[PDB]
**Q** 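Take this structure first; my questions come after.
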Amino acid sequence: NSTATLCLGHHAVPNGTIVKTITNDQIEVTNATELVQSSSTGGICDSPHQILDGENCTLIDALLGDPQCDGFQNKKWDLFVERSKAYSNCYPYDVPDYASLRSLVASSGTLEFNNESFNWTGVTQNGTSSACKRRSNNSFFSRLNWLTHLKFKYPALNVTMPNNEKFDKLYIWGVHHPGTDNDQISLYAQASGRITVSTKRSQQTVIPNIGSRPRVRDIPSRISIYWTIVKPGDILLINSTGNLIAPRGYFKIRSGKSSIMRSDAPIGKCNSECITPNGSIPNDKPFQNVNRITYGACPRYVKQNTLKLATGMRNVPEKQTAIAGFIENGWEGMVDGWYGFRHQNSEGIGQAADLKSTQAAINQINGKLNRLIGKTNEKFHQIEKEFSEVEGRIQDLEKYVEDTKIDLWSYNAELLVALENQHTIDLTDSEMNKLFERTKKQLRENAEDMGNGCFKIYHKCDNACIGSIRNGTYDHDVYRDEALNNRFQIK
Amino acid sequence: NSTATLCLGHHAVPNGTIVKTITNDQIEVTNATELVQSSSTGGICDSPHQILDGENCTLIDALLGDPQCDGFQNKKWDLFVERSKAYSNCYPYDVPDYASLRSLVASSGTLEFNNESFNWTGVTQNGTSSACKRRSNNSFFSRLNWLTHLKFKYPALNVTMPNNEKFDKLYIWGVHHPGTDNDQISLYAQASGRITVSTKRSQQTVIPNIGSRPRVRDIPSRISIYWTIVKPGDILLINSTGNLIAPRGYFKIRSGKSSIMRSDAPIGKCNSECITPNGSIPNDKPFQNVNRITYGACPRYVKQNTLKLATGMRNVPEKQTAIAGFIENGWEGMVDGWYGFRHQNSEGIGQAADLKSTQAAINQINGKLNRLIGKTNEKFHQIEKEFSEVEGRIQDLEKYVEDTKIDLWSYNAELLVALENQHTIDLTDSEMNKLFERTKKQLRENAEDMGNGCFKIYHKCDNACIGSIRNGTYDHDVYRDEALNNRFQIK
Amino acid sequence: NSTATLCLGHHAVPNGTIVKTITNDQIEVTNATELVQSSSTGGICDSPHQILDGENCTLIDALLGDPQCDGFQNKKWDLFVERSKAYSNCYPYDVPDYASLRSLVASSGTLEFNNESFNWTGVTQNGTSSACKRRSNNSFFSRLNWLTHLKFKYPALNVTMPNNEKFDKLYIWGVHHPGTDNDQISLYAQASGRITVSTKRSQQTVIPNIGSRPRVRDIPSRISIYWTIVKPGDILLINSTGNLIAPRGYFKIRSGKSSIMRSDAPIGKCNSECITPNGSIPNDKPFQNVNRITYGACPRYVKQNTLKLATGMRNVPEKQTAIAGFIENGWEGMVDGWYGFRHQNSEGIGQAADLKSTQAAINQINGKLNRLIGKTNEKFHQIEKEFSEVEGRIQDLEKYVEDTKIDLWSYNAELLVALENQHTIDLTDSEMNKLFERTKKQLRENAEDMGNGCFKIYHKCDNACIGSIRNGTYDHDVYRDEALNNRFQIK
Ligand SMILES: *[C@@H]1O[C@H](CO)[C@@H](O[C@@H]2O[C@H](CO)[C@@H](O[C@H]3O[C@H](CO)[C@@H](O)[C@H](O)[C@@H]3O)[C@H](O)[C@H]2NC(C)=O)[C@H](O)[C@H]1NC(C)=O
Ligand SMILES: *[C@@H]1O[C@H](CO)[C@@H](O[C@@H]2O[C@H](CO)[C@@H](O[C@H]3O[C@H](CO)[C@@H](O)[C@H](O)[C@@H]3O)[C@H](O)[C@H]2NC(C)=O)[C@H](O)[C@H]1NC(C)=O
Ligand SMILES: *[C@@H]1O[C@H](CO)[C@@H](O[C@@H]2O[C@H](CO)[C@@H](O[C@H]3O[C@H](CO)[C@@H](O)[C@H](O)[C@@H]3O)[C@H](O)[C@H]2NC(C)=O)[C@H](O)[C@H]1NC(C)=O
Ligand SMILES: *[C@@H]1O[C@H](CO)[C@@H](O[C@@H]2O[C@H](CO)[C@@H](O[C@H]3O[C@H](CO)[C@@H](O)[C@H](O)[C@@H]3O)[C@H](O)[C@H]2NC(C)=O)[C@H](O)[C@H]1NC(C)=O
Ligand SMILES: *[C@@H]1O[C@H](CO)[C@@H](O[C@@H]2O[C@H](CO)[C@@H](O[C@H]3O[C@H](CO)[C@@H](O)[C@H](O)[C@@H]3O)[C@H](O)[C@H]2NC(C)=O)[C@H](O)[C@H]1NC(C)=O
Ligand SMILES: *[C@@H]1O[C@H](CO)[C@@H](O[C@@H]2O[C@H](CO)[C@@H](O[C@H]3O[C@H](CO)[C@@H](O)[C@H](O)[C@@H]3O)[C@H](O)[C@H]2NC(C)=O)[C@H](O)[C@H]1NC(C)=O
Ligand SMILES: *[C@@H]1O[C@H](CO)[C@@H](O[C@@H]2O[C@H](CO)[C@@H](O)[C@H](O)[C@H]2NC(C)=O)[C@H](O)[C@H]1NC(C)=O
Ligand SMILES: *[C@@H]1O[C@H](CO)[C@@H](O[C@@H]2O[C@H](CO)[C@@H](O)[C@H](O)[C@H]2NC(C)=O)[C@H](O)[C@H]1NC(C)=O
Ligand SMILES: *[C@@H]1O[C@H](CO)[C@@H](O[C@@H]2O[C@H](CO)[C@@H](O)[C@H](O)[C@H]2NC(C)=O)[C@H](O)[C@H]1NC(C)=O
Ligand SMILES: *[C@@H]1O[C@H](CO)[C@@H](O)[C@H](O)[C@H]1NC(C)=O
Ligand SMILES: *[C@@H]1O[C@H](CO)[C@@H](O)[C@H](O)[C@H]1NC(C)=O
Ligand SMILES: *[C@@H]1O[C@H](CO)[C@@H](O)[C@H](O)[C@H]1NC(C)=O
Ligand SMILES: *[C@@H]1O[C@H](CO)[C@@H](O)[C@H](O)[C@H]1NC(C)=O
Ligand SMILES: *[C@@H]1O[C@H](CO)[C@@H](O)[C@H](O)[C@H]1NC(C)=O
Ligand SMILES: *[C@@H]1O[C@H](CO)[C@@H](O)[C@H](O)[C@H]1NC(C)=O
Ligand SMILES: *[C@@H]1O[C@H](CO)[C@@H](O)[C@H](O)[C@H]1NC(C)=O
Ligand SMILES: *[C@@H]1O[C@H](CO)[C@@H](O)[C@H](O)[C@H]1NC(C)=O
Ligand SMILES: *[C@@H]1O[C@H](CO)[C@@H](O)[C@H](O)[C@H]1NC(C)=O
Ligand SMILES: *[C@H]1O[C@H](CO)[C@@H](O)[C@H](O)[C@H]1NC(C)=O
Ligand SMILES: *[C@H]1O[C@H](CO)[C@@H](O)[C@H](O)[C@H]1NC(C)=O
Ligand SMILES: *[C@H]1O[C@H](CO)[C@@H](O)[C@H](O)[C@H]1NC(C)=O
């Protein structure tokens, strides 16, 4: 009756979600999204990375050429997957610095092997063992050559192999440690002596040590495995009087992005960029709590099992019953916008969404989602993060480096989400305040602020008039005479 | 006279404290609290962690069973404390990879030892030395067995010990390096030869080397110490023709949270969660500058010696002498609240605190104190961070890892406190501004803003009227006629 | 005509720069500065750090005393620079743990050597080789002493050297591995046997191994290099029957801030605190993308090639043509301040800068520049970050530590600049808003807000009157009668 009411407000939802900001440990917002990936399918997807499932073979078994690993010859991988069931089924061996040879072959990503014609004049080649059956016959590691006496002579070997290629050569070789003095004479025709394998830049001398070790697959002897990398222009020289498990050639050694992972997860026909030992995981989220061991474009590992990013404003219940604006009060009935107007005039009570303010909030929230979602970075060969044996110093360092990293990332994640959520609350509160201020400024002296997010408009203000305010075309001068008379009247 | 004044304000204190924010390198606030712990009592509290004071013994001396360490037999610890006065008082020895054996025993946290009956048929057991006195008699390491010839024979040993337990066994053994060829024959009846200690998964061969070393406690000979871990289902095999310092059994090897620390701090009868080499430190603060070496629930080490967290608003002097509000002006006389009202009316000049605004600020400050104070996390065995010898590569890495970590934490601490302090200044400024806005809205057209944080109320406004404003029950309509007449009058 | 207009505004520039904030991926500001150093001069400045250019010598070659390195005797450095052209020109050698000896000498920063008189009674000293020419004559490493038989006898050596100094001694020594059994007898008069070098705290036994290696500078033999540090109160004991390459004395070993760097950059006569392999770089900026390898007071390495810090407000085009204020509108014509006033009155249209607001913004921006610019911290000897050989485990860890560090710093840099830029936008927006509010408060009921950052002043307001508003001396009471009549009139 001679006046109207115009309220500014924002939506509210019946099912809000709790997030953390800098101001509040817990504040309910209209919507949020999870930033920590905590589930895996449980399978390793065979795309888009080239997976090599080791099955019963370790990488080192496949390198040496254990008969059950013959199918692996010359294969390449992005990721070699080693299974806990894996077992050796040839001559018992050890590798001093096993972890390093495993790592360097894993990182190279290839088992490509080129045979070479070493001059083994004066000895017997191709020694075999019942401990290493191939197609039901006594055999040996495919890539190694067990040399033994010929006619009870084993003349001193002094054998050369130049690298005349433009790439490096990786040589794998070994030293046989016989169980008894009888086996030594029976195999090499003389007492044990050192083996020296050298290049222009390196030398390795190894002493065969006769003696029974506990039997493994009925064998009390051992082979110790060594490696030598030979550069272009360098030469491999092998010097021995027995006990030599000779190379048959060299492996290519490449550089690139290959690695190795211990997992029992099945390999599936599917496509996922991020692999963990638990299986492939989606990489849309910036963080994950599935496993510290990862390969590919992966979220970063954090300790938190959930971090919720606000994707809407503060959620505020509608106060119980005269229309009312945003002051301590959301509008559950506003479903076509985030901010808007309610009015009361001669023609009834109405509501309209404000598109500009709503879109400004939505655009900014989508902006931060764009920075955080689907933006993971790739990592490849790293360090080991689980250990089956006690080792002391080096392992203490590996563990401390990883613990240190995870705590720093977990801190960055916690702070980032608290800061972003505070900013979301601030920017959404700000759109509400700006809408209110813009309206106040249009109305000039024709309205008063009622203190509840509403204006009392001191003139008849029909539907078109209200629309003019909402649309930014209200001309205050048209109504000012009427309004000033109504406002400043002695009652 | 026909009008009143109502001012909004906030407290101020005579003794404020300087903090850093994002906006200001130095800003005075009413109160602050220290976040960096920089003092220790100087003693290690014997509760709640199980402390083992090594006194004159290193952990390795206590392991081997140096006579002065007999009291340590079978003890466990959370933290083994090694003293700089510690010294060896038995046969001179070295441990290749001493640091790793020390670390693995420290982390295991137990000296539990189980004797076993090795079959040493054909040799003399229990060799003793004047360099290792026990109760004034020639003796030897309690856990080791010095075998020597019997009737001038030392038959080849080939001795086995199966692990039929469900847990791992740690074996400690040694190789004696005699000073002279005479001692070799006198002890073992024959020239030196290798010792091989093996399992199904490992082998270690060690060569005794005869020769004088510089005398230590009058002994030119040495013992070199080795270790072997034997898994359930595996077997220890010892193969020797002399120079064997044999094990008498095995140590349990456990996993858990135990460690070792070098400190000369006395042990006290007190209770503290965080231990450093300088002594236990309180763990209420999130950061500390006492020592990078810590054990237990400890603040994080940072380089800063002080970081002050604001726990009150900006501290603003009261301007010198008509009442005045918060614009460039604090109220030292307001002692029962942080924010409030001063008024001038017919009945005098009065002050009242506003509880709501005051409590809102206090609650939020207490919130952040709750996140930061008494919330430290536990760490246990880590890496070494001080070194008595020059070593090169591995030590360079250990040092770089720790330096890297400390610089990253020191940065996080600096940023966190600057951000929190900025937020405290913002939230306390905001409570003042909201109080002023709420008041302005109640007053409607009955008052004007004087620009100094005060309103000129254009009607008679007695004590009850002022109280109604403060209490949120002022009805502007009652006074509007009077106020509009006073405001809009030709003077 | 009976009224005036007063607009508040801020400057704008024709050539703004894009930065990133928390709110906007891209926002144009009036000015910015680069925080990532991405160029080097290409030369290493010889000041203020003491540089030692290795030229054709590695540090280890200079240590041993290869003839071409004689000029390096006893020199010290802060930074030893090793060139890729460097080559050895003496007897072929290897150093087991080369990387550690290189590191410990590099970090010590001195080649100071003190000769000592070892008692080599019974052997020939000063062996020479055609592979190691000095001044066209057969020679040998300057710091080593090749002992050979005397009259076809080489009596067992058992030689002592006490450390009676107050500092540690570094001894470098070697073992000769002859190409053939003939050379062994010709040099040492008997078959090879072990060398033992010991102290009270350490022992090292090395076995000479006869055999041809591939010829290097026509030599099939090798020398293997070892080192021993002897403490005050300890004694060096050398025990040998041949193959000993003896020390002539000891190196001082110091602690301090020295290091070593691989670079081919020329050394220049200039002064720069920060050295990288690409050359010295300026250290004004907090970050750099030139090289992860640094020495001295250096910006921190990050992955980003640019991070722009805002040093001015948001840059907003001037809207096209009645004066207008800051609402969606900058003033390109304001060149003597950042914020100001434009007015329209009886005497024309004028502009004046507001010094206070302008200086408040400038001071705060200079504050953050002061924290970020010219504030780098020094680092010295670190870890290696590039590798010429494949090694496996230890190298994997070194690489992972550095990758981890760089990713954490790159994250901190990205967040810091986004936060600072958001704060700059906020503080500059705030100065504009405060200026507007201060003005509004002075005007009281004499003006209305037109919604475009301008006031309509409802009285005649001449140049002095406008000046009084700008200067903060406007007395609203003088004009209130006139203004209220103009505002509240029936039109
Ligand atoms: C609460 O917040 C969420 C993030 O803003 C939001 O999830 C987003 O929803 C959209 C639409 O469903 C998804 O986008 C999809 O839309 C196109 C349409 O053309 C599809 O073709 C695409 O496949 C695309 O996936 C987003 O993926 C999704 N974003 C995230 C991070 O989950 C929810 O909708 C919001 N919930 C409520 C109740 O409002
Ligand atoms: C040193 O001690 C070792 C452990 O006692 C011993 O190894 C054991 O040797 C026996 C006999 O060869 C093996 O027993 C085998 O006996 C028959 C022989 O026909 C076989 O058919 C069976 O397979 C049966 O296993 C043990 O297996 C073996 N024990 C271990 C742990 O390896 C060495 O022989 C001894 N060495 C010397 C040089 O005497
Ligand atoms: C300045 O800021 C400090 C942090 O807000 C504040 O210190 C806090 O003071 C309280 C009360 O003295 C301490 O809490 C104690 O109160 C209960 C009462 O039931 C005692 O029973 C407990 O023992 C408890 O310790 C807090 O410990 C203390 N907090 C911190 C972090 O120090 C100061 O009081 C403030 N100073 C001024 C002048 O206002
Ligand atoms: C190789 O050289 C070593 C150093 O010269 C030498 O060690 C020294 O041996 C002497 C004589 O045994 C010790 O001197 C001791 O002399 C009397 C003997 O009755 C003792 O009562 C005293 O305690 C006195 O110390 C030295 O202590 C000892 N020096 C060191 C540094 O250990 C070796 O004996 C030599 N080795 C051979 C095989 O000849
Ligand atoms: C845009 O932002 C830049 C940072 O605010 C600013 O650069 C700064 O400019 C000053 C003045 O040219 C330089 O300071 C120099 O001034 C004294 C005068 O006594 C000289 O004697 C000194 O040598 C000193 O270098 C600053 O060095 C410089 N700061 C930085 C970080 O670059 C630009 O001027 C600004 N550009 C525009 C167009 O406004
Ligand atoms: C073991 O095999 C080695 C490689 O075949 C061999 O080394 C080679 O020795 C020959 C002959 O001494 C060297 O050839 C040199 O021949 C004349 C001799 O007058 C010299 O003037 C030339 O400089 C020419 O180089 C090879 O250089 C050398 N090859 C390598 C790679 O070092 C060893 O001699 C053999 N060892 C034994 C004990 O027989
Ligand atoms: C390396 O090869 C050389 C031969 O090229 C070996 O030297 C011969 O060894 C035999 C058997 O011990 C001796 O009878 C000959 O007199 C040696 N020949 C020469 C020319 O010296 C040498 O033993 C091999 N080395 C090793 C460690 O196996
Ligand atoms: C390991 O033990 C075996 C015996 O079980 C040793 O072999 C005997 O050694 C003696 C003395 O050298 C010889 O006379 C015998 O002929 C060997 N017996 C057999 C069955 O071969 C062997 O020496 C021990 N090994 C070590 C390194 O000590
Ligand atoms: C270390 O020095 C001692 C002498 O001080 C050497 O022992 C002598 O060695 C010779 C030659 O082998 C023997 O004939 C003598 O009988 C030994 N003398 C004594 C007193 O035992 C010993 O060989 C040297 N050790 C090494 C590894 O070179
Ligand atoms: C692996 O070994 C198991 C156990 O011997 C065997 O049954 C299985 O068939 C093997 N798998 C492959 C792929 O060879
Ligand atoms: C993944 O495997 C690790 C290692 O066994 C386990 O700790 C973790 O709970 C697993 N996570 C999920 C989501 O399966
Ligand atoms: C736009 O403005 C006009 C008045 O100029 C108003 O009547 C109309 O309803 C407005 N349209 C909308 C969609 O708000
Ligand atoms: C430790 O050794 C010192 C020096 O011999 C001795 O006086 C002290 O009593 C010893 N302390 C213990 C606890 O055995
Ligand atoms: C603690 O001990 C360390 C190491 O000696 C020393 O640097 C530091 O000053 C000590 N700190 C305190 C508070 O005693
Ligand atoms: C509460 O409001 C009444 C007026 O309705 C006022 O007079 C009274 O003083 C107020 N009480 C307080 C404690 O401010
Ligand atoms: C380094 O070696 C090269 C190649 O022999 C030589 O020409 C040059 O003069 C040498 N430089 C110095 C400084 O000795
Ligand atoms: C510096 O050298 C490194 C290593 O070769 C190279 O990657 C980088 O591009 C160089 N940077 C500059 C600015 O020259
Ligand atoms: C200062 O204030 C006076 C009026 O009191 C005004 O007329 C004068 O122009 C002002 N000066 C400036 C520099 O603004
Ligand atoms: C092993 O070498 C022999 C030469 O003795 C060669 O002819 C043969 O092809 C090889 N044997 C096998 C089974 O590959
Ligand atoms: C050492 O072993 C003997 C067997 O020779 C045993 O009887 C005795 O208990 C042991 N000696 C000591 C002092 O413990
Ligand atoms: C090497 O030692 C001899 C003693 O045999 C000494 O006189 C001479 O100075 C030394 N020779 C050289 C070339 O320095």
Side-chain angles (χ1 to χ4, degrees), chain B residues 92 130-131 177-184 209-222, chain C residues 11-17 19 29-37 52-58 61-62 66-72 81-89 118-119 121 133 155-164 196-201 203 217 230 233-241 264 266-267 282-286 299 307-313 315 335-338 358 361-375 420-421 424 428:
Chain B
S130 71
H177 301 283
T180 68
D181 293 328
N182 273 10
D183 283 28
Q184 175 72 29
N209 298 129
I210 295 156
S212 302
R213 285 76 165 165
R215 291 188 175 195
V216 167
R217 303 181 291 282
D218 209 34
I219 296 297
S221 298
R222 296 292 188 262
Chain C
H11 77 157
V13 301
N15 61 332
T17 321
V19 299
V29 294
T30 64
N31 192 27
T33 198
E34 177 59 69
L35 293 187
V36 180
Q37 184 65 38
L52 185 45
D53 188 341
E55 302 189 284
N56 287 329
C57 294
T58 67
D61 285 337
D66 184 333
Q68 68 186 6
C69 316
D70 286 346
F72 294 91
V81 177
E82 281 190 329
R83 312 312 204 155
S84 68
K85 75 193 182 161
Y87 62 95
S88 297
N89 206 26
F118 283 85
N119 190 329
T121 48
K133 303 284 199 182
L157 297 176
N158 180 53
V159 178
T160 201
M161 190 63 64
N163 182 352
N164 295 321
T196 298
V197 175
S198 60
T199 68
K200 290 185 221 181
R201 69 166 182 176
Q203 50 177 356
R217 303 181 291 282
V230 179
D234 212 334
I235 301 165
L236 187 70
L237 187 46
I238 300 175
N239 193 197
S240 174
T241 54
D264 293 328
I267 296 151
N283 70 351
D284 55 290
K285 299 174 182 67
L307 286 168
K308 296 291 262 157
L309 183 75
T311 59
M313 67 181 78
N315 198 40
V335 296
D336 65 338
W338 281 20
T358 296
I362 288 168
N363 285 342
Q364 290 174 70
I365 290 170
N366 282 341
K368 66 180 66 179
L369 286 172
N370 243 270
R371 296 190 269 292
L372 290 168
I373 301 304
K375 297 288 188 305
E420 292 281 10
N421 291 347
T424 297
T428 53

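Remember, it's 1-based here, ligands and their atoms both numbered in the order they're listed. Note that these values count all heavy atoms, side chains included, but never hydrogens, waters or copies made by symmetry. Sequence lines set the chain letters: A, B, ... in the order given, protein chains first and strands last, and positions in each chain run from 1.
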**Q** Would you confirm whether any non-hydrogen atom of the protein falls under 4.0 Å from atom 37 (C) of ligand 4?
**A** yes

**Q** Which protein non-hydrogen atom lies closest to atom 30 (C) of ligand 5, naming both residue and atom, and how far is it?
**A** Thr33(C) OG1, 4.3 Å

**Q** Could you check atom 5 (O) of ligand 5 against the protein and tell me its nearest heavy-atom contact, residue, atom and distance included?
**A**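 Answer for atom 5 (O) of ligand 5: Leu369(C) CD1, 3.3 Å.
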
**Q** Do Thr424(C) and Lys368(C) get their side chains close enough for a donor-acceptor pair, meaning under 3.5 Å?
**A** yes

**Q** Looking only at atom types and distance, does a side-chain atom of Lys375(C) sit under 3.5 Å from a main-chain N or O of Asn370(C), one as donor and one as acceptor?
**A** yes

**Q** For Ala310(C), does its backbone N or O pair with a side-chain atom of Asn421(C) as donor and acceptor, under 3.5 Å?
**A**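 Answer holds: yes.
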
**Q** Indicate whether atom 2 (O) of ligand 16 is within a distance of less than 4.0 angstrom of some protein heavy atom.
**A** yes

**Q** Can you tell me if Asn31(C) uses its side chain to pair, donor with acceptor, with the backbone of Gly16(C) under 3.5 Å?
**A** no

**Q** Does the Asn163(C) side chain pair with the main chain of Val230(C), one donor and one acceptor, at a distance under 3.5 Å?
**A**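 Yes, the answer is positive, given that a donor and an acceptor are paired below the 3.5 Å cut-off.
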
**Q** Where is the nearest protein heavy atom to atom 31 (C) of ligand 4: which residue, which atom, and how far?
**A** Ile235(C) CD1, 3.7 Å

**Q** Among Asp234(C), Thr160(C), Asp218(B), whose heavy atom sits nearest atom 23 (O) of ligand 4?
**A**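 The residue whose heavy atom sits nearest atom 23 (O) of ligand 4 is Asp218(B).
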
**Q** By number and element, which atoms of ligand 4 are closer than 4.0 Å to a non-hydrogen atom of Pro214(B)?
**A**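 Contacts of ligand 4 toward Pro214(B), numbered from 1: 32 (O).
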
**Q** Hey, does the side chain of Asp66(C) reach the backbone of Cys57(C) with a donor-acceptor pair shorter than 3.5 angstrom?
**A** no

**Q** Protein heavy atoms: any of them under 4.0 Å from atom 18 (C) of ligand 4?
**A** no

**Q** Ignoring hydrogens, tell whether any protein atom lies closer than 4.0 Å to atom 5 (O) of ligand 16; use the non-hydrogen atoms only.
**A** yes

**Q** Could you find the nearest protein heavy atom to atom 6 (C) of ligand 5 and give me its residue, atom name and distance?
**A**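 Closest protein heavy atom to atom 6 (C) of ligand 5: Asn31(C) ND2, 4.3 Å.
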
**Q** For ligand 4, find out whether one of its N or O atoms is nearer than 3.5 Å to an N or O atom of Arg215(B).
**A** yes

**Q** Which of the numbered atoms in ligand 16 are under 4.0 angstrom from any heavy atom belonging to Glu55(C)?
**A**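 Those of ligand 16 that fall under 4.0 Å from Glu55(C) are 13 (C).
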
**Q** So, is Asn366(C) polar-close to ligand 5, with some N/O to N/O distance under 3.5 Å?
**A** no

**Q** Between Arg222(B) and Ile219(B), is there a donor-acceptor pair closer than 3.5 Å when you use the side chain of the first and the backbone of the second?
**A** yes

